[PDB]
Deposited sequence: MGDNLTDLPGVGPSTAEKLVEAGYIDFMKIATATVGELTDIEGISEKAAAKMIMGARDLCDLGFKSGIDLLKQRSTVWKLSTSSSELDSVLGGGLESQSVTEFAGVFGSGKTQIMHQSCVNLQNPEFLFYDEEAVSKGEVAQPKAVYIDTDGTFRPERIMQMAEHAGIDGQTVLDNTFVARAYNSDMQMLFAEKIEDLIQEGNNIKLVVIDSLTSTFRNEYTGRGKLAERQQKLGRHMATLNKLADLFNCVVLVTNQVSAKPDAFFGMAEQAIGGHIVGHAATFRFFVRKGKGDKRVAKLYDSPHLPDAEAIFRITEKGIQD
């Protein structure tokens, strides 16, 4: 951090204790966040931010550089050919993908499958030129279980059929049981701490995203506070996805959020499930047929 203009050893310590350890978090921080660090003037705050931006080469980009920026996005397979195809390759890092649908449609299943697939190196599609092995090495997932439906057995089972060690998935998956939106949001924010602790978080799951909010802000007369809180939460999830180049997944029970990809999943005949991609920035609306068996997501 002392590389940063105006940042000496003493300021560097105040910065590390305030959570600001890497350049990107400073380069993208507001003069407000830092000035609040106390002992950090607004002058020093603006200088180090300007400095960090330069160090991280933030600025106008054009031509081939646009393709290169886009290439830093890696993708996680869902184990369903149909789905991956409709996703334009697989779940995208640096973005939030939402799977909404009726109870039993398979939302939680997809969440578990993703935690497993993260441990299958061949399931992470990326341009070796924009993303180095080390960046996706020893990947870890964080699962914010809001409904209390995380099932280690299911992880073990899906892993087995994938030919990978189930215990290895468990060892690399942090689960956080949230009983309300406050815990849910806080846990989400604490993810930076796990990364700071050396954990290569590459997959974040929020299952579910809206349950707590709906239960807490049932009154549609105070739908204001709710739509707000949820917005801040989503903003936090999106920033996480970008800064730490990781895949963020959230589920929504349904009988509009800031998710960059939005799916509506419905039950087909028996095993069959239909995932309808209805919102994305560059892909056409399309349906993917897959199934849910003892092996997890397949087809």
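Since the structure holds only modelled residues, which stretches of the deposited sequence does it leave out?
Absent from the structure are positions 1 to 4, 260 to 278.
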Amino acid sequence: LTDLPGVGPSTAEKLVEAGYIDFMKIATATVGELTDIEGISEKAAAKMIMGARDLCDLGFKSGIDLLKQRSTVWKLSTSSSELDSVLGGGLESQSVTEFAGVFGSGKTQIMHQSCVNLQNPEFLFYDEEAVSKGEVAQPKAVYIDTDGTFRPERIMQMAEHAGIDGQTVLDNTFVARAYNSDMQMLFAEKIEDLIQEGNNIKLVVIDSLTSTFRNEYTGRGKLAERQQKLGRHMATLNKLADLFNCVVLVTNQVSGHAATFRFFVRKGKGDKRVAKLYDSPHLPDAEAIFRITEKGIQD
From here on, numbers count along this sequence of modelled residues.
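Quick one: say whether 161 to 169 or 214 to 222 has the higher mean Cα B-factor in the deposited entry.
The stretch with the larger average C-alpha B-factor is 214 to 222.
Looking at the entry, does 97 to 105 or 188 to 196 show the higher mean C-alpha B-factor?
The entry gives the higher C-alpha B-factor average to 188 to 196.
Could you check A235, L55, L67, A241 and tell me which one carries the biggest Cα B-factor in the deposited entry?
Top of the list by C-alpha B-factor: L55.
Per the entry's values, where does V250 land by CA temperature factor relative to the rest of its chain, in the lowest, middle or highest third?
Answer is lowest: the recorded C-alpha B-factor places it there.
Please say which third, lowest, middle or highest, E82 falls into when its CA temperature factor is compared across its chain.
Middle third.
Please rank the C-alpha B-factors of the chain's modelled residues and tell me whether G134 sits in the lowest, middle or highest third.
Top third by C-alpha B-factor.
Classify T149 as lowest, middle or highest third according to the C-alpha B-factor given in the PDB entry, relative to its own chain.
As the PDB entry reports it, the C-alpha B-factor of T149 lands in the lowest third of its chain.
Among the chain's modelled residues, which third holds the C-alpha B-factor of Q228?
For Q228, whose C-alpha B-factor we compare with every modelled residue in the chain, the answer is the highest third.
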